[PDB]
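>>> structure for the following, please:
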Amino acid sequence: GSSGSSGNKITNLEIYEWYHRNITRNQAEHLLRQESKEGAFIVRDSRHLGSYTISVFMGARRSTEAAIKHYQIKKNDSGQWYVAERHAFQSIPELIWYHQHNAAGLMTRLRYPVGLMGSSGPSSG
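Residues are numbered from 1 along each chain as shown. Shown next is the structure:
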């Protein structure tokens, strides 16, 4: 089971921008699609569980199509978050703290930290 508690939680992500909360698969990807540039990454919650998933834009090879990956952040017995299942951290905002400078997990070096306030994008129709 999963039931929150009374009051605000210690962990604060909303403060950041790369932490896209209150979104869904479509949103995560959609946002990246707008950037369509290697690096565009983000962080959302797993409607399934109280976890967090990182959505990065890989982009096709011949820049002809779009590519978006989804790295689910799991936790080990040591209650540490990890994406590459090789480097465990103590806080969510800590795992990406380094990654940004150096992936360190067969992942692209985050370049464009897609934040809540997106740059700009046209509307369907």
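
>>> show me where this protein has helices.
Listed in chain order, the helices of the chain (DSSP state H) span 25-35, 92-99.

>>> so which elements touch the longest one?
By that I understand helix 25-35. strand 49-57, strand 68-75 (3 or more Cβ pairs under 8 Å, 6 or more residues apart in numbering; DSSP states H and E). C-beta coordinates here come from the backbone N, C-alpha and C atoms, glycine included.

>>> now with 7 Å, please.
strand 49-57 (3 or more Cβ pairs under 7 Å, 6 or more residues apart in numbering; DSSP states H and E).

>>> is it true that residue 88 touches residue 74?
No. Residue 88 lies out of contact with residue 74 (Cβ atoms under 7 Å); the separation is 9.7 Å.

>>> what touches both of the two?
residue 82 (Cβ atoms under 7 Å, 6 or more residues apart in numbering).

>>> can you list the helices of the chain in CSV and add mean neighbour count and distance to residue 9?
Output for the helices of the chain, formatted as CSV (neighbours: other Cβ atoms under 10 Å; distance: least, Cβ to Cβ, whole Å):
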stretch, mean neighbour count, distance to residue 9
helix 25-35, 17, 22
helix 92-99, 17, 11
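
>>> CSV for those, including distance to residue 79?
Shown next, in CSV, are the helices of the chain (distance: least, Cβ to Cβ, whole Å):
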stretch, distance to residue 79
helix 25-35, 25
helix 92-99, 12
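
>>> between these, which one is closest to residue 124.
Closest of those to residue 124 is helix 25-35, at 10.4 Å (criterion: Cβ to Cβ).

>>> between the closest one and strand 49-57, how big is the angle?
20 degrees (axes from the mean of the first three to the mean of the last three Cα atoms, to 10 degrees).

>>> could I have the CA atoms of helix 25-35 written out in PDB?
Only the C-alpha atoms of helix 25-35 are listed here, as PDB (Å, rounded to 0.1, in the frame of the first residue of the first chain):
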ATOM      1  CA  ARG A  25       3.600   9.500 -20.500                       C
ATOM      2  CA  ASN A  26       2.200  11.700 -23.300                       C
ATOM      3  CA  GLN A  27       3.300  14.800 -21.500                       C
ATOM      4  CA  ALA A  28       6.800  13.500 -20.800                       C
ATOM      5  CA  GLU A  29       7.500  12.500 -24.400                       C
ATOM      6  CA  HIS A  30       5.500  15.400 -26.000                       C
ATOM      7  CA  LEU A  31       7.700  17.900 -24.000                       C
ATOM      8  CA  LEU A  32      10.800  16.200 -25.400                       C
ATOM      9  CA  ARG A  33       9.500  16.100 -28.900                       C
ATOM     10  CA  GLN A  34       9.400  19.900 -28.900                       C
ATOM     11  CA  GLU A  35      13.100  20.000 -28.100                       C
END
